[PDB]
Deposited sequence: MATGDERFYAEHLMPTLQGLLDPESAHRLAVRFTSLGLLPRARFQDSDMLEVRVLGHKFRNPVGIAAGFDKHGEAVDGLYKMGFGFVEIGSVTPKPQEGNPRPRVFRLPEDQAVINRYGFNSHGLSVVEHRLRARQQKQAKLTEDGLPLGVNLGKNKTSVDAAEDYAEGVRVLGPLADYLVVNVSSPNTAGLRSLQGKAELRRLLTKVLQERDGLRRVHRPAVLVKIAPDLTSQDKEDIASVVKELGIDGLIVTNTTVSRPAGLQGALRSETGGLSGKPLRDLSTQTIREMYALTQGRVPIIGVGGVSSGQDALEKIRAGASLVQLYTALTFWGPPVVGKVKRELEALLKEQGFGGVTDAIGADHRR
């Protein structure tokens, strides 16, 4: 419990917790324990990455959706993540979907969720981040940046204005902001319309004072058509979007899922998403000519999984579902395995491996 023993968590503690608790209850408990620092690897120079205007001490981040309301940021750095992304946060508070809304697929090492952007709202999260704003400035300077993922309310009549409000309220507190094209669990969340939305978002970001001006990334689904991907790549290049987060959960249900709950509505995460996500990274890296930083996300639970996404074009990776199965020790596991594989494959560090598959 205190050592951080990978086997004890993976074989005993986490499975026991999952047998006692429904997944939303376990999620809530995890956020509470993490926020108190009740947690069980030394980052080497090989893992440092410079992207998005920032130093990242290691390339392994916690994906959006774990700390939706910015309650456990410091605990997540204590867990060993190189960067933390909170959210999604919506402008007004909203409850999200009725419970149950989170479903485990243990036989698939996967989860399906339909949280529906449950959020404390911008004002609450703003005041929470302001309470530790200088602590975060020091963490960022130390190579531990903070991302904020912005969502839209269910009953909003103007999606672009919801995102613009997010930029104005939490932009000044973030190293990067994220706008999803891609929750599966809201509404209808042409190319001119993404262009319209992102133009407004970037105008709002550009209007912030320079020390308070975050990078802006777009987070995309794994379920896009070839046309959608080409169009996104074009708009990102046209507008100078700073980066992409690839990918959110999938609304597909790959052949072979075994879990009893496989036909629940929602986004699927974890192992069944992994290679769909890696392939989407590969495609977006090629379409953007390797000039647009990608954060690769979807089914990362080992160093091999991380390095496959880096070699496909990711500069940084995130994980979430692996934490739910294997617990806090998975972060150091991924970092240790990634360092070993980098050495084994002749890379001087992470930076040298970014996009390496495209050069072979």
### Query
Since the structure holds only modelled residues, which stretches of the deposited sequence does it leave out?
41-43, 193-196
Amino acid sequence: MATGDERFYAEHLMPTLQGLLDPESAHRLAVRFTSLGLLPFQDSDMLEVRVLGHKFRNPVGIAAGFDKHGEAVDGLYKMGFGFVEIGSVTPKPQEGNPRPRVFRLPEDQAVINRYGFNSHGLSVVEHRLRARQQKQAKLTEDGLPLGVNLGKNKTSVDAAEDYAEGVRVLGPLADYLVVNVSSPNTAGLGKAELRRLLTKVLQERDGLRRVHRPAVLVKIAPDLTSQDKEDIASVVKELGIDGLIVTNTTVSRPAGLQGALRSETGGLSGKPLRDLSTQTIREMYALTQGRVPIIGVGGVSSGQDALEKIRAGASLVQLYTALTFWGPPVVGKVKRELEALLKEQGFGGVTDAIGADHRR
From here on, numbers count along this sequence of modelled residues.
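Take the two forms, find the largest set of C-alpha atoms that superpose within 1.5 Å, and that set is the rigid core.
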#### Entry: 77-85 against 173-181 - segment lying farther from this form in 9 other deposited structures of this protein (CA RMS, rigid core fit)
173-181
### Message
Root mean square C-alpha distance from this form after a core fit in 9 other deposited structures of this protein: higher for 252-260 or for 190-198?
### Response
190-198
### Task
Mind pulling up the entry and telling me whether 229-237 or 80-88 has the higher mean Cα temperature factor?
229-237
### Query
Mean C-alpha B factor from the entry: is it higher for 306-314 or for 330-338?
330-338
### Query
Which one of 129, 192, 276, 102 shows the biggest C-alpha B-factor in the PDB entry?
192
### Summary
Based on the PDB entry, the highest CA temperature factor among the options 266, 188, 207, 166 is that of 188
### Message
Where does the C-alpha B-factor of residue 120 rank in its chain, lowest, middle or highest third?
### Response
middle
### Chain thirds of CA B-factor: placement of residue 224
highest
### Task
Going by the recorded CA B-factors, say which third of the chain residue 71 sits in, lowest, middle or highest.
middle
### Summary
By the entry's values, the third containing the CA B factor of residue 157 is the highest
### Task
Select lowest, middle or highest to describe the third in which the CA B-factor of residue 30 falls within its chain in this entry.
middle
